[PDB]
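S.K.: Residue numbers (the deposited numbering), protein chains in the order written: chain A, 1889 to 2082; chain B, 1550 to 1694; chain C, 4067 to 4211; chain D, 3583 to 3727; chain E, 3825 to 3872; chain F, 2228 to 2389, 2410 to 3195; chain G, 3002 to 3049.
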Ligand SMILES: Nc1ncnc2c1ncn2[C@@H]1O[C@H](COP(=O)(O)OP(=O)(O)OP(=O)(O)O)[C@@H](O)[C@H]1O
Ligand SMILES: Nc1ncnc2c1ncn2[C@@H]1O[C@H](COP(=O)(O)OP(=O)(O)O)[C@@H](O)[C@H]1O
Ligand SMILES: Nc1ncnc2c1ncn2[C@@H]1O[C@H](COP(=O)(O)OP(=O)(O)O)[C@@H](O)[C@H]1O
Ligand SMILES: Nc1ncnc2c1ncn2[C@@H]1O[C@H](COP(=O)(O)OP(=O)(O)O)[C@@H](O)[C@H]1O
Ligand SMILES: [Mg+2]
Ligand SMILES: [Mg+2]
């Protein structure tokens, strides 16, 4: 929450990265739901090209919705470079909202998406979740990476999640159960065959 | 769509005329069904199988020719950008049949699965979630006005 | 005019930007050109038969990649950007990149904070040279940080 | 030369030398990448004019019969088959292929059809060039003499 | 590390015509030493 | 492991338990492209087309026909790789959303389950594994007793005819029952079979699937016997006596038919120890050498192998099969599987008789049409789909779309000759193999145009392949093998070869009655040299060093063609033809001079070993040349007489076709004769390999002009694309298929601008037809031209299918393809997978580079005009000789030409030195040498004229 | 005289009923479908 909100204040994107099953996507949605935002998840692949991403940005910008692009490094490297231009122009538009000199009773903030002037709502945001350890994935160009603030989400706090969930479900011995179930899963990953 | 938006006639004159020509043959076949609503009588209408096969193919062409018109309507309500072309045509074309709009709200909203309507279906009283939780608007939205 | 290269539209935009710039002295920067090695060869041939405005400059941004054509490399002047050789060079690069008015604002203590940040940034980056001991991994501590 | 020459000159004096040597015979410069190359090649073959074609790294296999001299002499006519069109071959025709890339690799089929003429900088020639240039800068009276 | 002949000739031209160390020098021998010294310096600066 | 039956039974059980109708959509994700699985966004119109999975899920969400009230299971039965399944990450997690690049998001309804039936997950990532519930099936979950019960239960309830047939099955089931118990004969045999070596990986269902198919045929045999004997149907005592022996017979072929003879034998003794079924009592004859007669008696297979005499005009003809022990056994086994419409694969070394055995078995099985498909490394399911478009029709039925052959009452057999060549992706999947597995396991496939399931009817598959250990060959998936019985067809042994081609030689030596006695030594020499060559040269040295009985068939045919127009011939004349054909078949493909020297020497050794008391010189004179250019017949020709004739014809060739003068050296005369032979054979295709500028194209055009063949070359350019090649292919096929025009289609490796070019040629070289080349209006125009063309031949052909067969037969006899390529060790080995037809349908002639002898002859011939006579020249004591046959007292002209040869060879040394230092080198070609001597003549005349 | 019987129909109706037959008509329909597409006309029927 601290890292992503720092990126939002800096009008930058959030880039949680780590192995699978660490809460990267759910945390982005949780932060968006915390702020009362419409969070849209996209399962990216190599077919998310420059034209497809731009149209998605057009919808996100006008609605004011958050775009969480998961597996964002499954795009082709050439498409990642091209998309960086669209991400940058939106971010410059977002900083126009943050300007104190700008007054709400003026011409709406607008960025150029797909050679069209598109109004940008201040509530919209861009998030990308990626597993940088997956071989065969596309490397993000540096000019794209500077547009995102990255946070490593590698070790989820399993015992706390287990304790709170069991306590919220009504288990009286949630602390005892959590102290057993979480080590038990750790033991299974090592004691059992591979 | 081809009745409630006079702008589309100028935007796509070919499509409009094509649809009207087909819309005529559809209505003519509808009138025959009205005279003889018995299934066997309808089944014995000459070439009725081939008539529907042509109607299905022809109506599909019109549908695929409204893409640029749909991109224009998506600007007027940007949450339409997250709706497919066919579903958007159902939304636009069924603007009077509100009950058919219910299945599409989950695509345009985070947690709005359906809207609450009065007995007339002319005023939107509120919104509801997929779990049944309802939000009642303080000032209801009138569809007639 | 800054253009990313990967898109098909980027190639068209690059040609128009270059053609406009060579007649007006405008500057054009093309980023990540190593992603289009084939198009880079055609750009080298285009630049050869051209006498642009005296103020025109073309900047090509690429990673150090063997895919970059030799003919393009010979035609241009190469500048390598890499981690500064040491702590002294790292901190001198930092103080040149940050405008003087940025450091010299009303709080006089701001200057010492920037120095501490410059020293901290130099130490952290220089430890990457010791791949394993300085840091367990080769983190990309950089200008954005 | 017996086989037509392929010229390798990164500096480009060979291209100039070929054009200086063949002004009186109206030599035309073109490239394999130009849109008029087929028209220029057809015109040079028909009228027997010298042709200089650049960017041989993009060699067009349409020259394969021309380089192999596959001519058909029937009916008092000397014919060369360029694509699907037969062209009368004038005996004064000559073609020079050129590239500015010394590192380009040619396939063995092209290597058998051309005479390689490589313009590489020699130590003696560069010494003469630099001795003359400093003489021009430092002793203009001596250099002129 | 790809370098054309024109790149070196640009370096050589710079040492001969755009050299601040030859502004007031008139002796041919001393100019030659300056040119020889500066040729190595500009060659390293631009290539490196 | 019972995975499919586990969810198919559960789906039906939940329908009965809960009252909710269960619907399963089974998808093979890797049998189609990922574009066809999820959909595509149009690059220009930006229109979205649904893929297979997207269409199915969208149909359920829309719920036009009440799909939301039913249990909907989408089963991805196939391989899992991260490329396609990671599109389902948002589907399989709590999002339950399929996100599309057009911005659309499809919610998974609660009644939908996404299921993945797979054999392994060795390429799935953690992202996918963590998002899905796992049920692990082991091979112990499905016991062999359970499979035996299923086969027996079906045998006792489902009639095979479409009950007297069921009564036979029920009585036969009682007989088989004791042997199908746990720890029975079949169980023990199966366990022992896994210990043996098989040409393909062995699985329990491949063996049992084969075993159950054979036993079903045995039940059909008893019914067919009752038809032959309406008076006395087979009694239980005879029925019992037949089934037990047939079961043993079926066990051996189902469990060892994919293994070599030694392994087939060893399973025989093991069965002999443990079985109680009566067995043949021969001392040293393997059980696999016996069949089971309908009277329940073991009968030796040798009783069905007569020593035939072949009609003299059918000697080594493609349709003629000499009966051997292996052929009659393999044909009977193929008959059983084919008659049951069971897909099968024949595996063996190239040329072992797989196509011959399959087509021989199909002749005894009417009402079945075979269509040959030739797989390459680039073969996709689309090759199968074009074959369906030409031979089959899609028809709308109340139960769905059915694909059936156009001809009624016929079962259409898709024969795939290289089924294990198609490229395996990085995730261990061959797309076409998954497509065939779908059509065999699920009885159909999905039509990607409308996302509609298509059911196959009267379509079966037969595969042929080389062993998976061979280069370019991949192991077949175990999920495909469980449905396909494999029979191993090995090379015939030395005694089998003697029986086959001894029969052919006896027939072919009836042309000359005075040569009848030499039939046995001629066969023995043929077998000895062929065996020696096959051992001496292997695929380890060069990728095209494959010697098979195909060379033996060509050897006998070649001698036979040279003997038909001959009234008489001495035995020395027979040896010369025998030696000549050996050189054409064994020496012309060799790369190295040592290899060619060995072949030349051992031809003489073998011939004199089997043919003593012959005049060696008149029969084995090293310049062995045969031609029909100086006479009506194909008789030996003198080298000097041939040289004069070629010069006379080259003079005319310059004035009519190509005015490019050529220097005639000895290798050219041999080369033009070799090219002339191929142009006079049906489907005569040439693979000319040599350095550029060596005259491969020019000689081909010159020989094509001598044989009346028109030369077609595709006119490539920088913008020449695949549909340009397709239109060019249509032009050549129309001329040779409709206008009866003999065409030499000469195409170089440089003409191959895309891998799709050779996928078309691979089909054209093998079958004389391209299934999808003529489509739409092109096919309609072709049919009009074929009807006109066949009319000019006096043929009453009107049917489109009849017309297309005649058009194919015309292309086979008229179209000649000449492929020219440079020698590249990596390229040549890779070339075999891309176009296997180039190496088994084309005659390969290694022209290579010009030799030292060729360089000297070109130099001496070209410098005749030169005035190089210096009578005062002194021969040095140490002469720098580079031509081995340079005369011992060389003259000044001889020294000059010798020096000219040396200069050319120095450039090869010069290139090697720069190449070894990493320097860039350019190819040295004979055109450099021709350039050299041309300049030498011009400068010499110019300098002599200036000085005088 | 048969030349003008064709032109008499062509001048008045812009069409010759029997000129395109067999494969010629099939090729014409393919070209007309391509030609009408370039004009932005959704015409598929042969009569259309
Ligand atoms: N419970 C059962 N009782 C009897 N026979 C069974 C049972 N389950 C499966 N079989 C039979 O054994 C074989 C198992 O095939 P099945 O499709 O169930 O296996 P699978 O592991 O899903 O196969 P694959 O991995 O090839 O997809 C079939 O011949 C089937 O008819
Ligand atoms: N803080 C958390 N509290 C509860 N559940 C969590 C938390 N973080 C992750 N999860 C759960 O872990 C699983 C994986 O979360 P997800 O965001 O999909 O991970 P990732 O994006 O790293 O693949 C989901 O079931 C999610 O709800
Ligand atoms: N018994 C036989 N009778 C006739 N020809 C045989 C026999 N055994 C082998 N051959 C020869 O072996 C070759 C096998 O060719 P083919 O069937 O195409 O082999 P494969 O399918 O294994 O590549 C042919 O030349 C064929 O004539
Ligand atoms: N035997 C020969 N004598 C003289 N010139 C030859 C001979 N063979 C080839 N050439 C020359 O080489 C050229 C290329 O011949 P071509 O058949 O295209 O070679 P390849 O097919 O081996 O690449 C010819 O046009 C001719 O000039
Ligand atoms: Mg995630
Ligand atoms: Mg299964």
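Cβ atoms here follow ideal geometry from the backbone N, Cα and C, with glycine treated the same way.
Just reading off the alpha helix (DSSP H) that residue 2510/F is part of, what are its end residues?
M.R.: Per DSSP, residue 2510/F belongs to the alpha helix (DSSP H) from 2508-2521.
S.K.: In chain G, which residues lie less than 8 Å from residue 2697/F when you measure between Cβ atoms?
M.R.: Under the 8 Å cutoff, chain G gives no residues; its nearest Cβ is about 17 Å from residue 2697/F.
S.K.: From 3112/F, 2568/F, 2303/F, 3142/F, pick the residue whose C-alpha is nearest to that of residue 3123/F; which is it?
M.R.: Among 3112/F, 2568/F, 2303/F, 3142/F, the Cα nearest to that of residue 3123/F is on 3142/F.
S.K.: Can you tell me whether DSSP reads residue 2700/F as helix, strand or coil?
M.R.: Residue 2700/F falls in the strand class under three-state DSSP.
S.K.: Quick one: which unbroken alpha helix (DSSP H) runs of 4-plus residues sit fully inside the region 1977-2058 of chain A? Chain order, please.
M.R.: Within the region 1977-2058 of chain A, the complete alpha helix (DSSP H) runs of at least 4 residues are 2030-2033, 2046-2057.
S.K.: Rounded to the nearest angstrom, how far is the Cβ of residue 1958/A from that of residue 2316/F, given a contact under 8 Å?
M.R.: So it is a contact: roughly 7 Å between Cβ atoms.
S.K.: Quick one: list the residues of chain E neighbouring residue 4136/C, beta-carbon separation under 7 Å, in chain order.
M.R.: Chain E residues near residue 4136/C: 3826.
S.K.: Using DSSP with H/G/I as helix, E/B as strand and the rest coil, what is residue 2874/F?
M.R.: Residue 2874/F falls in the strand class under three-state DSSP.
S.K.: Using only CA atoms, which one of 1914/A, 2067/A, 2058/A, 1948/A lies nearest to residue 1999/A?
M.R.: Residue 1999/A has its Cα closest to that of 1948/A, out of 1914/A, 2067/A, 2058/A, 1948/A.
S.K.: Tell me which residue opens and which closes the beta strand (DSSP E) that residue 2359/F is part of.
M.R.: Careful: residue 2359/F lies outside any beta strand (DSSP E) and carries neither H nor E.
S.K.: Does the beta carbon of residue 2600/F fall short of 7 Å from some heavy atom of ligand 3?
M.R.: Answer for residue 2600/F: yes, Cβ within range of ligand 3.
S.K.: Could you list the residues in the region 3026-3041 of chain G with a C-beta less than 9 Å from some C-beta on chain B, going in chain order?
M.R.: Listed by position, the residues of the region 3026-3041 of chain G near chain B (Cβ gap below 9 Å) are 3041.
S.K.: My understanding is that residue 2910/F touches residue 3100/F, with C-beta atoms under 8 Å, so please give their C-beta distance in whole angstroms.
M.R.: That pair is no contact at about 13 Å.
S.K.: So who's on the other strand from residue 1903/A, going by DSSP bridges?
M.R.: Paired residues: 2038/A.
S.K.: What residue ranges within the region 3050-3119 of chain F form continuous beta strand (DSSP E) runs of no fewer than 3 residues, ordered along the chain?
M.R.: Correct list: 3062-3068, 3089-3095.
S.K.: With ligand 5 as the reference, list in chain order each residue whose Cβ lies under 6 Å from any of its heavy atoms.
M.R.: Cβ atoms closer than 6 Å to ligand 5 belong to 1912/A, 1913/A, 1958/A, 2017/A.
S.K.: Got a sec: is the Cβ-Cβ distance from residue 4140/C to anything in chain E below 8 Å?
M.R.: Yes - at least one Cβ of chain E is within 8 Å of the one on residue 4140/C.
S.K.: Which chain F residues sit within Cβ distance under 9 Å of residue 3024/G?
M.R.: Here the neighbours are 3024, 3027, 3028, 3030, 3031.
S.K.: Does the beta-carbon of residue 3017/G have 16 or more other beta-carbons within 10 angstroms, so that it is buried, or is it exposed?
M.R.: Classification for residue 3017/G: exposed.
S.K.: What residues does ligand 4 have around it, judged by CB closer than 6 Å to any heavy atom, in chain order?
M.R.: Listed along the chain, these residues meet the criterion: 3650/D, 2907/F, 2909/F, 2910/F, 2915/F, 2937/F, 2939/F, 2940/F, 2941/F, 2942/F, 2943/F, 2944/F, 2945/F, 3067/F, 3174/F, 3177/F.
S.K.: Mind checking whether residue 4169/C and residue 4159/C have CB atoms under 8 Å apart?
M.R.: No.
S.K.: Residue 3015/F: beta carbon under 7 Å from a heavy atom of ligand 3?
M.R.: The answer is no for residue 3015/F.
S.K.: Mind listing which residues of the region 2015-2033 of chain A have their C-beta closer than 9 Å to chain B's C-betas, in chain order?
M.R.: So the list is empty, because no residue satisfies the distance condition.
S.K.: May I have a chain-ordered list of the alpha helix (DSSP H) segments no shorter than 4 residues that lie completely inside the region 2543-2618 of chain F?
M.R.: With a minimum length of 4 residues, the continuous alpha helix (DSSP H) runs that stay inside the region 2543-2618 of chain F are 2572-2586, 2601-2610.
S.K.: For ligand 6, list every residue whose C-beta falls under 7 Å from any of its heavy atoms, going in chain order.
M.R.: Result (chain order): 2230/F, 2231/F, 2304/F, 2344/F.
S.K.: Can you find a heavy atom of ligand 1 that lies under 7 Å from the Cβ of residue 2369/F?
M.R.: Yes, ligand 1 has a heavy atom inside 7 Å of this Cβ.
S.K.: Could you list which residues in chain F have their beta carbon closer than 9 Å to that of residue 1964/A, in chain order?
M.R.: Correct list: empty, because the minimum Cβ distance to chain F is about 12 Å.
S.K.: For a cutoff of 8 Å on Cβ pairs, would you count residue 4102/C as touching chain A?
M.R.: At least one chain A Cβ lies under 8 Å of residue 4102/C.
S.K.: On the criterion of 16 or more Cβ atoms from any shown chain inside 10 Å, does residue 3176/F qualify as buried, or is it exposed?
M.R.: When all chains shown are included, residue 3176/F counts as buried.
S.K.: Following the continuous beta strand (DSSP E) through residue 2303/F, name the residue where it begins and the one where it ends.
M.R.: Looking at the DSSP string, the run of the beta strand (DSSP E) that includes residue 2303/F is 2298-2304.
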